[PDB]
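Form deposited in one PDB entry, single chain, as structure tokens, below.
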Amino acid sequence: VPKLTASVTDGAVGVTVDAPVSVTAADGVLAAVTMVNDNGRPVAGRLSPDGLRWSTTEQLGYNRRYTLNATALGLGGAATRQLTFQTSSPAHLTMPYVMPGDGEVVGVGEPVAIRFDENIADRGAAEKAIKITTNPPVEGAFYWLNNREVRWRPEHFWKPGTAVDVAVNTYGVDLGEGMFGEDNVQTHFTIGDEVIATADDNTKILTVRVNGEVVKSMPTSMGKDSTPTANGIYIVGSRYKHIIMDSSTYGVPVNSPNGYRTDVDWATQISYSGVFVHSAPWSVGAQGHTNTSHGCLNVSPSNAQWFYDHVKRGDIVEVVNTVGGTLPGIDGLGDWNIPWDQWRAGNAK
């Protein structure tokens, strides 16, 4: 008689739904295989052309009891078998979100970012549920920025032309304290040209290199000694054609000495802390000579629009020789300031 094997055991509980359920027959073929819930609704499944193996084709649900019926037929006759199991019952669910967006072309400094809408109690599980593929292949590693967002990057800036595939396979995974993934998330992106801009406080020149060659110099005026621009490696973020900056947000009333409601053009964000490269017509005389800002890299209106036009998310701004300290590794765009050994060793525990 034929032999039936399944990837689940009869009477099992807490069966995780991160995996398909499969049925195999030896010494015969599968005539039929059905799987239903406790309202007798069938789960989508597929039987191989050779009749040897069947598998479910759609996500199983949480809190469900499934009944599997299978019948195989061979030379020695027929065999019919049945089992029931129950799936995980989460305490909570969390949903993941991943940047950069799918399809995007990004700069050589862009990390893979996966953000959850709940605190992750088992970072180790989360990391293992995330599969990142790279071509040309390159070693990278996970580091957590806070309790909800993990980052991934190589030791050195990405090589242009690298395809990155990210499969966040969290559905059915116990992420700790009864917390399970709400769904999977998939994304794909590509690394473009190496663009690295360097602001040297010694010279007050912001020089932009594309694949190693200067294509632009910009006189700049960085943060004054009271509020200096931090040295470090910054990752380019969002850009805006026009933006305001209110001191009303952060407590300071606009009708106060240090208050400021300021219309700003051509702003390219390079740190979560609020450092921008932007249009500063009112500082043009100081640019290339004196620092005058609150930290932002002030450039001329046409130098700011050039930057907004030719610089992309993930490109790099390196700041050097100023009187500030270093940008925090965990700023949000400060990832490269954490030494590799510390980054690679991670903080999953």
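Residues that one form lacks are left out of the comparison. Under this definition, the rigid core comprises the largest set of C-alpha atoms superposing within 1.5 Å between the forms. From 1 onward, residues are counted along the sequence shown.
Omitted from view is the form deposited in another entry, to which the following refers.
Exercise for the section: Can you spot, among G259, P154, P160, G274, the one with a CA shift of 2 Å or more between the shown form and the other one after core superposition? Expected result: Spelled out, the residue whose C-alpha shifts by 2 Å or more is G259.
Handout entry: Rigid core superposed: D246 CA moves 2 Å or more between the shown form and the other one
Key = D246: C-alpha displaced by 2 Å or more between the shown form and the other one.
Problem - After core alignment, residue runs (3 or more) whose Cα moves 2 Å or more between the shown form and the other one - result: 245-261 is the lone stretch that moves between the shown form and the other one.
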